[PDB]
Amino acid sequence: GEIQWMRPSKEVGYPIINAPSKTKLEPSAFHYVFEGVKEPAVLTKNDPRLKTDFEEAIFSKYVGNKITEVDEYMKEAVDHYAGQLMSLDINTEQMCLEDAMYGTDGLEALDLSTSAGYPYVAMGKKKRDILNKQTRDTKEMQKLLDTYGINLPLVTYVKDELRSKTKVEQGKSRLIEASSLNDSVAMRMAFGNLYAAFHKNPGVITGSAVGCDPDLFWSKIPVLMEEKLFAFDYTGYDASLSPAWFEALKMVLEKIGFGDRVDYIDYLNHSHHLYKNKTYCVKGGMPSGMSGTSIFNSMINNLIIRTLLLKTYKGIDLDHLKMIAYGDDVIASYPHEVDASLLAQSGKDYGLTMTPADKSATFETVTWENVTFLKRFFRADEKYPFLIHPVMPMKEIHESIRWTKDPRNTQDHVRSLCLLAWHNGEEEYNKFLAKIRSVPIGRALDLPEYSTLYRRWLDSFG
């Protein structure tokens, strides 16, 4: 991924965009009960905590594109992957515009709580002004496609979120690309039938976890897996993906019956952006807040591991490779240890820089005791070893509870952390309840017990 030019919006007649500057994250009643090192990521150049140039920092994510031509390894990775997807027999029909707006089985309606992008936002128009849920009115939307068309500019925003102190002072805040309401809809009409089929089939065929409830799905996973596992960590995966890879994605899309719409992958590969008072073009890298980012990133991720395996294990039967990906994240098995230490080399050529799983320095071997996926570990139930707990570690939960974006939801926030916390087990969980109850506000909360949550778990495999 690499920028190409950048200039003052008014140079090109583009408006200034209001990008807010005050984090909504304020410390909570519980800020001092628990311990945590994480702080609200940086939003402007005049930040006390800053240690370098902001603008420089944030756009650094674009390191450049390496490969640009589907090599002979990639081309075969396409075939196998596309082959699997074919087993699913995916409806290739364009999605009904009414469906692509307000949703259908397997695909949720557009989000009315979020911005419509450019140009709707420069006039101050809101998704809620074009869309009505009861009527499910298509008309006015349809005029806006005739009007502004597709392939519109993405509005870039800084994410408002807690990050590590280094990341805060070092300036490595994350970046959102806000989809025009125009393209979300057009993307959907095309790939809506693709999106759902995925949403309906998390697993090792699709190779995507998009759509799985971890509380139930953590137990089905070890079954759908080979013996020796492997895993690693990407650096900047998104803003580092290279034009070749899209051509690879388009190829899989051709091979499964989506040949016409492959146009839209170019508008993701080659995109243009309004950051405040700047404008700029970018060759490569997924745009994050565009439609299908979960499903495309995932699909590409399926191609990479498939590829990089081949470059190393010439003569490896990919027909026994079992992976599930969630964008960059991934958990994967082959009956023999596919030494990840190497893969990360074959990577840095393809623009991909892979580090060892979970900030370890060394490429540790992977096991069902140290493997994470969607930030949760695997622990069999003490009473039913065929039942696996997804374990978010207390540390992360601590970090969440120290802040809030509105004390109104204090109750909901905390209830919500217990539903994650209690898989660590009765002792740790009851310890967590007492720390909450250590302050007056905590003692206000209606929280569930271990026995109720555990009951509920078992019940739901029923």
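For every residue, the number given is its place in the sequence shown, counted from 1.
Colleague: Averaged over C-alpha atoms, is the B-factor higher for 329-337 or for 187-195 in this PDB entry?
Modeller: Higher mean C-alpha B-factor: 329-337.
Colleague: In the PDB record, does 215-223 or 160-168 carry the higher mean Cα temperature factor?
Modeller: Higher mean C-alpha B-factor: 160-168.
Colleague: Using the temperature factors in the entry, find which of 32, 54, 429, 403 has the highest value at its Cα atom.
Modeller: Going by the entry's C-alpha B-factors, 54 comes out highest.
Colleague: What's the residue among 392, 204, 388, 309 with the greatest CA temperature factor in the PDB record?
Modeller: Result of the comparison over 392, 204, 388, 309: 309.
Colleague: Is the Cα B-factor recorded for residue 448 in the lowest, middle or highest third of its chain?
Modeller: CA B-factor rank for residue 448: lowest third.
Colleague: Of the three thirds of its chain by CA temperature factor, lowest, middle or highest, which one includes residue 200?
Modeller: Lowest third.
Colleague: Of the three thirds of its chain by CA temperature factor, lowest, middle or highest, which one includes residue 407?
Modeller: Within its chain, residue 407 is a middle-third residue by C-alpha B-factor, going by the deposited values.
Colleague: Within this chain, which third does the Cα B-factor at residue 375 fall in: lowest, middle or highest?
Modeller: Its C-alpha B-factor belongs to the lowest third of this chain's values.
Colleague: When the deposited Cα B-factors of this chain's modelled residues are ordered and cut into thirds, is residue 70 in the lowest, the middle or the highest one?
Modeller: Ranked within chain, residue 70 CA B lands in the highest tercile.
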